[PDB]
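What follows is one structure encoded as structure tokens, with my remarks underneath.
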Amino acid sequence: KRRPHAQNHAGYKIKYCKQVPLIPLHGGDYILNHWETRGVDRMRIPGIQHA
Amino acid sequence: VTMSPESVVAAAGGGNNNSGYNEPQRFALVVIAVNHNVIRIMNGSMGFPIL
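In order, the protein sequences belong to chains y2 and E3. Residue numbers for the first sequence follow the authors' numbering, so the first one is 53 and each next one is one higher. Residue numbers for the second sequence follow the authors' numbering, so the first one is 413 and each next one is one higher.
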């Protein structure tokens, strides 16, 4: 009778746990682009206006 | 601003029927000014350099 074939080695299951960054892919939203930032006016002369 | 005799006589009541000033009248002064400003258009945004 032929020898049965089956998995014998238990493999290498490394203990503890690993990590993945879990970072947003593009990040186009949730974040502005240094422009149209509400509450601030970029097109302003430096504070020498009160000087 | 100097007021008017018609205003000072219509401030109190005493007018007859369908006179308008039969009841006490009070007035308010409003002042409106129109001025210039400069708007900069560049880098995909705008603002007031002088504000």
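Just so it is clear, CB atoms sit at the ideal spot from N, CA and C, and this is done for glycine as well.
Among the candidates the options, whose CA atom is the shortest distance from the CA of residue i?
i                 : options                                                                 : result
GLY456 (chain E3) : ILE100 (chain y2), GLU88 (chain y2), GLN71 (chain y2), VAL72 (chain y2) : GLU88 (chain y2)
Using a C-beta to C-beta distance shorter than 7 Å, which residues of chain y2 count as neighbours of residue i?
i                 : result
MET415 (chain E3) : Per Cβ cutoff of 7 Å: no residues; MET415 (chain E3) is ~40 Å from chain y2 at best.
Check residue i in the structure and name its three-state DSSP category.
i                : result
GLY99 (chain y2) : helix
What does residue i touch in chain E3 if you count any residue whose Cβ is under 7 Å from its own?
i                 : result
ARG94 (chain y2)  : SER457, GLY459
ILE100 (chain y2) : In chain order: nothing, as chain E3 lies at least about 11 Å away.
Less than 8 Å between the CB atoms is what I'm expecting for residue i and residue j, so what's the real figure, rounded?
i                : j                 : result
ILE97 (chain y2) : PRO461 (chain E3) : 5 Å
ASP93 (chain y2) : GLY459 (chain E3) : 4 Å
Report the neighbours of residue i on chain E3: residues whose CB is nearer than 8 Å to its CB, in chain order.
i                : result
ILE97 (chain y2) : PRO461, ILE462
Please list the partners that residue i has in chain y2, where partner means a Cβ-to-Cβ separation under 8 Å.
i                 : result
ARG452 (chain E3) : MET95
- Query: Just checking, does the region 413-423 of chain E3 make contact with the region 432-447 of chain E3 on the three C-beta pairs under 8 Å criterion?
  - Reply: yes
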